[PDB]
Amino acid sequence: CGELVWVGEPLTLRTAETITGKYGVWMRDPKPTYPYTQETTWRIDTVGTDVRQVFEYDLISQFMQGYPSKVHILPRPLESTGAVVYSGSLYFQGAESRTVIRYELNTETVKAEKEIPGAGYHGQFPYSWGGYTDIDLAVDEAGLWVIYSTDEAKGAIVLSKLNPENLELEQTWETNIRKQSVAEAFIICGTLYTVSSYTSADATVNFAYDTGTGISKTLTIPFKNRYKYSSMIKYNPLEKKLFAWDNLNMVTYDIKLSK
């Protein structure tokens, strides 16, 4: 679980789109929990205002291969498609709010709701590609996180580790990078990494903040994005890959860590 040293070229995901026909924003659980398995996937369709539908699929279904097994109707709409599934629950930001909601998928139950203290929302502290990217939920090898900013932090990235059961903020770190200066961010092995553009063609993983030590540094790892679409990239620690949505396709990026 060392420092990132390389990011691969983006590879189009064809699996879920092939079996289902939907390009959709796809999510997988890095801690699959019975009765779900590694073949289970969830899609948020990105069409419409105040989206509440999450579609659940078994891609090796013995009953209805190709069609959703279940459609969940969330009790609050999504602020953005940047939700995560972790340990059997969907964690999402409620529209027009700084609230994170834990929705248990197999029981359709809200198990926790938490206001992220002081967090900006709805266009106050977006990433550099704009949109409602103020609050970014992330999963890594140690569980669930949230990436945000606050007025007191003057727009610098704040990072909190979340208790997945009750959404308490178990530890917080105020980092030394402005959120609006980077295009997206993700956590790998307890290090926050950010992506920046530095010309019209060229982007890099440009910064690292290690939550274990507090130490940060500039990086220059090439990051080959196809587009500049306001979204959140999500690390999947089970697959050890980054998953991104660009409005056309889901793509994965392979990673290498120093050994």
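A residue's number is simply how far along the shown sequence it sits, counting from 1.
Set 128-136 against 73-81 and average the Cα temperature factors; 73-81 ends up higher.
The mean C-alpha temperature factor is higher for 114-122 when 114-122 and 184-192 are set side by side. Of the candidates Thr211, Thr218, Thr204, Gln65, the one whose C-alpha carries the top B factor in the deposited record is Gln65.
Per the deposited coordinates, the residue with the largest Cα temperature factor out of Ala16, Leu248, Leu238, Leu242 is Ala16.
Placement of the Cα temperature factor of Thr109 within the chain: highest third of the modelled residues, per the deposited record. The entry lists a Cα temperature factor for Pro30 that places it in the lowest third of the chain's modelled residues. Ranked by C-alpha B-factor against the other modelled residues of its chain, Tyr198 falls in the highest third. Compared with the other modelled residues of the chain, the Cα B-factor recorded for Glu152 ranks in the highest third. Per the PDB record, residue ranking by Cα B-factor puts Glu165 in the middle third of the chain.
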